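Peer 1: Quick one: structure below, then a few questions.
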Amino acid sequence: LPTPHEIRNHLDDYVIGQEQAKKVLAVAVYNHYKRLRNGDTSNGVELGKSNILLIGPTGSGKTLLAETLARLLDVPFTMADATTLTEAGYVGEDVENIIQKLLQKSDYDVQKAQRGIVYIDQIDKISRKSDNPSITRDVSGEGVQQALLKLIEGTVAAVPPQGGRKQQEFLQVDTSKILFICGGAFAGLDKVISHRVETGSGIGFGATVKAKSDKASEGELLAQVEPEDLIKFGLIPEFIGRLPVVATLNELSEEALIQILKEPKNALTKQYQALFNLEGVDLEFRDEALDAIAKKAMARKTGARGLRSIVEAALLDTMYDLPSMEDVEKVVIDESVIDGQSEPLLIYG
Amino acid sequence: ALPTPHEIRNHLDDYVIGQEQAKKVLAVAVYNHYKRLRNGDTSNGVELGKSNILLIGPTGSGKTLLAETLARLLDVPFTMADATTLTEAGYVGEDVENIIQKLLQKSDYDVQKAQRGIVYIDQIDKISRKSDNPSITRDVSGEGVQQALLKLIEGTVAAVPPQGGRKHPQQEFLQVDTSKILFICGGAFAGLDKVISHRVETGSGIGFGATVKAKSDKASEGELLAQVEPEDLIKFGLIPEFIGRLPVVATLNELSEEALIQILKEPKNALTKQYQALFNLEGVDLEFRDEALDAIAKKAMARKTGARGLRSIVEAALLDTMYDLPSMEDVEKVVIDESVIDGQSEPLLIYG
Ligand SMILES: Nc1ncnc2c1ncn2[C@@H]1O[C@H](COP(=O)(O)OP(=O)(O)OP(O)(O)=S)[C@@H](O)[C@H]1O
Ligand SMILES: Nc1ncnc2c1ncn2[C@@H]1O[C@H](COP(=O)(O)OP(=O)(O)OP(O)(O)=S)[C@@H](O)[C@H]1O
């Protein structure tokens, strides 16, 4: 009997600064369990299913949320990608590949698989290139979206169980109850949102001028997104209609990174702490060193994923002579070490 | 007795609202189909024709909804196939014959009982060549799939494996006549309004003599479909042969502002009744006043996504409420005012 507060508390341990995103998942997860729990033999018939669309900046933690969810989730979960999908039975891949991947996690249990959750990454890769209907067939893009429409609403797709032993049959897999979380970092969406959010004005004398968009306000700008803007970006309205809900993720700032290095249990700081714990050596991270990493992380425009480059670059010299070194019990990383002027202080004990 | 067009439509009215034109067309075909089968066919009139239906309507107008509601009341077997996965010449994707075997699963492998079944093919527009494309490579999911359905719709015998085959020992197929099978092929066509305008607008008019069309008040999209003809679809990509097999057409009359309000209250499967049951098990009931729904209708039409895009308006409001509702105790009723939809205020909570 999980609750949004309990599930959010668990997710909060691994994610920070995504209060709006977390609420959406908690409701769907809570409602999905509630929907399946219901016998369906009641006044409410064919209860609706709310899908989710996770849009956010690069490296903001979208892919991480789906991974952490599967650990806590009891029902099966699968994480596919739309990069390999090709329409019309081409050589690349078919959409049915997503369903068979779910059974691998579910051990080929049809009744248990229909109640599963699905996640897709890099959904923007199939958006039309800001054009009108094409003059030719776009195998990857407009074509792929057309195929997913019926899958999201609910239908049965042929799937060989285990790939087939040697049977010549396929197992029907309902999808009316399956939830879908399609999310990927869209590029350039702010420029499109800027045009629509801005009222617009005529350049002549009589036409009034409107002073707006003084600051980019990226995080606050994506919140004003609507389906009509995505149509101009390349998505088909049919595909978005299948995804009523949407999630806007703020971009992490200098202060957000500091909390990510200490509060989460799987933080990189704690990883190295365990790396040296087995070696009989302790590790420490002072606040002055984390402040400098934040400024360097933003300088590389890579997000949280670009943080390891800064850490490994500093501890490189240390890690080269640490195993051979003996009688060392503690390592401290100061602010100077990041700049490279100094070396990390080692204590012998 | 037999089901009547008026009686069958009343059943559909419970699940569909504002589609009087479409309901009648479907009722007649279903009644005609039952009539043709009921008839022995060994009479003066023979080789009776089958009138197929072609449903053209915008997204979320209720095309897919009609097929599901029909199968519930319909006694004969029904299937919901799609032309998106079909590939011609037996390629690796899928074959057109797959539609037939799916029908038998509902019919329990009864050939005589299967020919009288009904089929609904969605996403039919997605297999049309748009225009002026490279001819070095032939279309596999475009111009080449419609050709395969021509013989199927007109009536031919297609080999089908029985149950997929227990082992190689059988190595046999089943022959199923399809001349009697009905086909309802419909999908939301994109960009059809632009081609129809060229024929019925003739108003670029930059010269003195030519007129000006008074642009921004003539884009009557829904009404524009009402004047559709087969020649317009040829420019869209459909082959005349495929259209000849589908004489009937049914404009959908997509949506009226007031229709959306009726869909949320009168239907049994309305969204309002869904959430009402969602909280009913939790010992909580929520009411939606009419003053709140009028604002919701205006927000949905602004999104240009149809009824399917309506949940976005509801869940965006009730997000914070549903997140902190279980933790709350002694709460028996919730009221949602117009302000809640706007976001200025919060939904009032009642304590028992
Ligand atoms: N809030 C966060 N707290 C802790 N680690 C985070 C956070 N956000 C991102 N990360 C780190 O970023 C890694 C990858 O996050 P992702 O979910 O891939 O971000 P992303 O924006 O989804 O990148 P994409 O989807 O591949 S473009 C995780 O394994 C974490 O190490
Ligand atoms: N007349 C209607 N009355 C009630 N609900 C409707 C009506 N029309 C559409 N809906 C809602 O819209 C949902 C989907 O409608 P569809 O039948 O899928 O429309 P559609 O034309 O098939 O869209 P496509 O072709 O699948 S993109 C239904 O499940 C209903 O919730």
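Residue names in the structure tokens use chain letters A, B, ... in the order shown, residue numbers from 1 in each chain, and ligand numbers from 1 in the order shown.
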List all protein, DNA and RNA residues that have at least one atom no more than 6 Å from any atom of ligand 2, counting only C-alpha atoms and all ligand atoms, and write them as number ranges by chain.

Peer 2: A: 238; B: 15-18, 57-65, 187-188, 263, 307-308

Peer 1: Those same residues, written as a CSV table (one decimal), in the first residue's frame with N, CA and C atoms?

Peer 2:
chain,number,residue,atom,x,y,z
A,238,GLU,N,-1.4,14.0,-33.0
A,238,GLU,CA,-1.9,12.7,-32.5
A,238,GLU,C,-1.0,12.0,-31.5
B,15,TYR,N,-22.3,6.2,-25.3
B,15,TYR,CA,-20.8,6.3,-25.4
B,15,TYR,C,-20.4,7.4,-26.3
B,16,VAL,N,-21.2,7.9,-27.2
B,16,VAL,CA,-20.9,8.9,-28.2
B,16,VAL,C,-21.9,10.0,-28.2
B,17,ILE,N,-21.4,11.2,-28.3
B,17,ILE,CA,-22.3,12.4,-28.3
B,17,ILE,C,-21.9,13.3,-29.5
B,18,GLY,N,-22.9,13.9,-30.1
B,18,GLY,CA,-22.6,14.9,-31.2
B,18,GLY,C,-22.1,14.3,-32.5
B,57,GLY,N,-11.9,12.1,-40.1
B,57,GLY,CA,-12.1,13.0,-39.0
B,57,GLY,C,-10.9,13.4,-38.3
B,58,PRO,N,-10.8,14.6,-37.7
B,58,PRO,CA,-9.6,15.0,-37.0
B,58,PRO,C,-9.3,14.1,-35.8
B,59,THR,N,-8.2,14.4,-35.2
B,59,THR,CA,-7.7,13.7,-34.0
B,59,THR,C,-8.7,13.8,-32.8
B,60,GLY,N,-8.9,12.8,-32.1
B,60,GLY,CA,-9.7,12.8,-30.9
B,60,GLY,C,-11.2,13.1,-31.2
B,61,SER,N,-11.7,12.9,-32.4
B,61,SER,CA,-13.0,13.2,-32.7
B,61,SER,C,-14.0,12.0,-32.4
B,62,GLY,N,-13.4,10.8,-32.1
B,62,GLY,CA,-14.2,9.7,-31.7
B,62,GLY,C,-14.3,8.6,-32.7
B,63,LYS,N,-13.3,8.5,-33.7
B,63,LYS,CA,-13.3,7.4,-34.6
B,63,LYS,C,-13.0,6.0,-33.9
B,64,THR,N,-12.0,6.0,-33.2
B,64,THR,CA,-11.6,4.7,-32.5
B,64,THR,C,-12.7,4.3,-31.5
B,65,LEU,N,-13.4,5.3,-30.9
B,65,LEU,CA,-14.4,5.0,-29.9
B,65,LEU,C,-15.5,4.2,-30.5
B,187,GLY,N,-8.9,7.0,-40.8
B,187,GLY,CA,-7.8,7.6,-40.1
B,187,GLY,C,-7.8,9.1,-40.3
B,188,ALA,N,-7.3,9.8,-39.3
B,188,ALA,CA,-7.3,11.3,-39.4
B,188,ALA,C,-6.3,11.7,-40.4
B,263,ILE,N,-20.0,15.5,-22.9
B,263,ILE,CA,-19.2,14.2,-22.9
B,263,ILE,C,-18.7,14.0,-21.5
B,307,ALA,N,-10.7,15.7,-27.7
B,307,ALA,CA,-11.1,15.2,-26.4
B,307,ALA,C,-10.0,14.5,-25.7
B,308,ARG,N,-9.1,13.9,-26.5
B,308,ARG,CA,-8.0,13.1,-25.8
B,308,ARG,C,-7.0,14.0,-25.1

Peer 1: Name the residues, by chain letter and number, that sit within 9 Å of ligand 1 using only C-alpha atoms and all ligand atoms, and give them as a PyMOL selection string.

Peer 2: chain A and resi 12-18+55-67+121-122+183-186+252+256-257+259-261+263-264+266-268+303-307

Peer 1: Show which residues sit within 9 Å of residue 103 in chain B, as a list in words. Count only C-alpha atoms, and ignore same-chain residues fewer than 3 positions away.

Peer 2: residues 77, 78, 79, 80, 98, 99, 100, 106, 107, 108, 109, 114, 117, 118 and 119 of chain B

Peer 1: When you count only C-alpha atoms, which of these residues is closest to residue 126 in chain B: A:113, A:147, A:118, A:47?

Peer 2: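 Going through A:113, A:147, A:118, A:47 one by one, the smallest distance to residue 126 in chain B is for A:147.
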
Peer 1: Quick one: of A:54, A:85, A:182, A:243, who's nearest to chain B, counting only C-alpha atoms?

Peer 2: A:243

Peer 1: Using only C-alpha atoms, which of B:191, B:186, B:222, B:169 sits nearest chain A?

Peer 2: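 Selected residue with least distance to chain A: B:191.
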
Peer 1: Could you tell me how far CA of residue 255 in chain A sits from CA of residue 296 in chain A, in Å to one decimal place?

Peer 2: 12.8 Å

Peer 1: Given only C-alpha atoms as the basis, pick out the residue of A:195, A:242, A:128, A:300 nearest to chain B.

Peer 2: A:242

Peer 1: Excluding same-chain residues fewer than 5 positions from residue 34 in chain B, what lies within 9 Å of it counting only C-alpha atoms, as number ranges by chain?

Peer 2: B: 2-3, 29, 39, 76, 116

Peer 1: Could the residues in this selection be written to a file with C-alpha atoms, as a short mmCIF file (atom, residue, chain, number, x, y, z; two decimals), in the first residue's frame?

Peer 2:
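File written: out25.cif
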data_model
loop_
_atom_site.label_atom_id
_atom_site.label_comp_id
_atom_site.auth_asym_id
_atom_site.auth_seq_id
_atom_site.Cartn_x
_atom_site.Cartn_y
_atom_site.Cartn_z
CA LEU B 2 -33.54 -7.96 -35.58
CA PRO B 3 -31.71 -4.85 -34.32
CA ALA B 29 -24.01 -0.86 -42.76
CA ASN B 39 -30.84 -13.72 -46.38
CA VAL B 76 -20.65 -11.22 -35.01
CA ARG B 116 -19.30 -12.62 -41.74
#

Peer 1: Which is closest to residue 20 in chain A among A:250, A:146, A:106, A:83, if we use only C-alpha atoms?

Peer 2: A:250

Peer 1: I want to know what sits within 6 Å of range 149-165 of chain B, based on only C-alpha atoms, with residues of the same chain fewer than 5 positions away left out; could you give that as a count of residues only?

Peer 2: 9

Peer 1: Give me, as a Markdown table, the closest atom pair and its distance (Å, one decimal) for every residue of chain B within a cut-off of 8 Å of chain A, counting only C-alpha atoms, rows sorted by chain and rising number.

Peer 2:
| residue | atom | partner | partner_atom | distance |
| --- | --- | --- | --- | --- |
| B:59 | CA | A:238 | CA | 6.1 |
| B:60 | CA | A:241 | CA | 7.8 |
| B:80 | CA | A:155 | CA | 7.8 |
| B:82 | CA | A:150 | CA | 8.0 |
| B:84 | CA | A:147 | CA | 5.8 |
| B:85 | CA | A:88 | CA | 5.8 |
| B:86 | CA | A:88 | CA | 6.8 |
| B:87 | CA | A:88 | CA | 6.1 |
| B:91 | CA | A:89 | CA | 7.3 |
| B:92 | CA | A:89 | CA | 5.7 |
| B:93 | CA | A:89 | CA | 3.6 |
| B:94 | CA | A:89 | CA | 7.1 |
| B:123 | CA | A:146 | CA | 7.5 |
| B:126 | CA | A:146 | CA | 7.1 |
| B:129 | CA | A:136 | CA | 7.2 |
| B:130 | CA | A:135 | CA | 5.7 |
| B:131 | CA | A:135 | CA | 5.8 |
| B:132 | CA | A:135 | CA | 6.8 |
| B:133 | CA | A:136 | CA | 5.3 |
| B:134 | CA | A:136 | CA | 7.6 |
| B:140 | CA | A:88 | CA | 7.3 |
| B:141 | CA | A:88 | CA | 5.7 |
| B:163 | CA | A:169 | CA | 7.7 |
| B:164 | CA | A:169 | CA | 5.3 |
| B:165 | CA | A:168 | CA | 6.5 |
| B:166 | CA | A:167 | CA | 5.9 |
| B:167 | CA | A:167 | CA | 6.5 |
| B:191 | CA | A:133 | CA | 7.7 |
| B:268 | CA | A:44 | CA | 7.4 |
| B:269 | CA | A:45 | CA | 5.8 |
| B:271 | CA | A:48 | CA | 7.2 |
| B:273 | CA | A:44 | CA | 6.3 |
| B:274 | CA | A:44 | CA | 5.5 |
| B:277 | CA | A:44 | CA | 5.8 |
| B:278 | CA | A:35 | CA | 7.8 |
| B:303 | CA | A:227 | CA | 6.0 |
| B:304 | CA | A:228 | CA | 7.0 |
| B:305 | CA | A:241 | CA | 5.8 |
| B:306 | CA | A:241 | CA | 7.7 |
| B:308 | CA | A:241 | CA | 5.6 |
| B:309 | CA | A:241 | CA | 5.1 |
| B:310 | CA | A:244 | CA | 7.4 |
| B:311 | CA | A:244 | CA | 5.8 |
| B:312 | CA | A:244 | CA | 4.6 |
| B:315 | CA | A:245 | CA | 7.2 |
| B:316 | CA | A:245 | CA | 7.4 |
| B:319 | CA | A:24 | CA | 6.8 |
| B:320 | CA | A:23 | CA | 7.3 |
| B:322 | CA | A:27 | CA | 6.5 |
| B:323 | CA | A:4 | CA | 5.7 |
| B:324 | CA | A:4 | CA | 7.3 |
| B:326 | CA | A:3 | CA | 7.0 |
| B:327 | CA | A:5 | CA | 7.7 |

Peer 1: Could you list, as a PyMOL selection string, every residue within 12 Å of residue 333 in chain B, counting only C-alpha atoms and ignoring same-chain residues fewer than 4 positions away?

Peer 2: chain B and resi 276+279-280+282-288+325+328-329+347-352

Peer 1: Using DSSP on the backbone coordinates, identify all residues within range 254-342 of chain A classified as helix (DSSP H, G or I); present the result as a PyMOL selection string.

Peer 2: chain A and resi 254-262+268-277+287-299+303-321+335-339

Peer 1: What does the distance between CA of residue 312 in chain A and CA of residue 295 in chain A come to in Å, to one decimal place?

Peer 2: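 These two atoms are separated by 16.3 Å.
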
Peer 1: Grab the CA of residue 79 in chain A to CA of residue 110 in chain A distance for me, in Å with one decimal place.

Peer 2: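 Value for the CA of residue 79 in chain A-CA of residue 110 in chain A distance: 17.8 Å.
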
Peer 1: Which residues, written as number ranges by chain, have at least one atom at most 8 Å from residue 194 in chain A, with only C-alpha atoms counted and residues fewer than 3 positions away on the same chain left out?

Peer 2: A: 190-191, 197-198, 213, 221

Peer 1: Could you please write out, as a ChimeraX atom specification, every residue of range 85-138 of chain B that DSSP assigns to strand (DSSP E)?

Peer 2: /B:118-122

Peer 1: Take the residues just selected and output them with N, CA, C and O atoms as an mmCIF file, in the first residue's frame.

Peer 2:
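selection_17.cif, freshly written:
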data_model
loop_
_atom_site.group_PDB
_atom_site.id
_atom_site.type_symbol
_atom_site.label_atom_id
_atom_site.label_comp_id
_atom_site.auth_asym_id
_atom_site.auth_seq_id
_atom_site.Cartn_x
_atom_site.Cartn_y
_atom_site.Cartn_z
ATOM 1 N N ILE B 118 -16.463 -8.406 -38.995
ATOM 2 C CA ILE B 118 -16.229 -6.996 -39.275
ATOM 3 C C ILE B 118 -14.794 -6.656 -38.906
ATOM 4 O O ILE B 118 -14.249 -7.199 -37.940
ATOM 5 N N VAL B 119 -14.188 -5.758 -39.679
ATOM 6 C CA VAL B 119 -12.809 -5.333 -39.475
ATOM 7 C C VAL B 119 -12.718 -3.815 -39.506
ATOM 8 O O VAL B 119 -13.415 -3.154 -40.283
ATOM 9 N N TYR B 120 -11.841 -3.271 -38.664
ATOM 10 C CA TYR B 120 -11.586 -1.840 -38.567
ATOM 11 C C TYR B 120 -10.088 -1.626 -38.715
ATOM 12 O O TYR B 120 -9.307 -2.131 -37.902
ATOM 13 N N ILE B 121 -9.696 -0.881 -39.742
ATOM 14 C CA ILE B 121 -8.297 -0.602 -40.042
ATOM 15 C C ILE B 121 -8.026 0.863 -39.729
ATOM 16 O O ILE B 121 -8.496 1.753 -40.447
ATOM 17 N N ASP B 122 -7.268 1.115 -38.668
ATOM 18 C CA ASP B 122 -6.909 2.470 -38.288
ATOM 19 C C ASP B 122 -5.589 2.870 -38.943
ATOM 20 O O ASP B 122 -4.860 2.040 -39.488
#
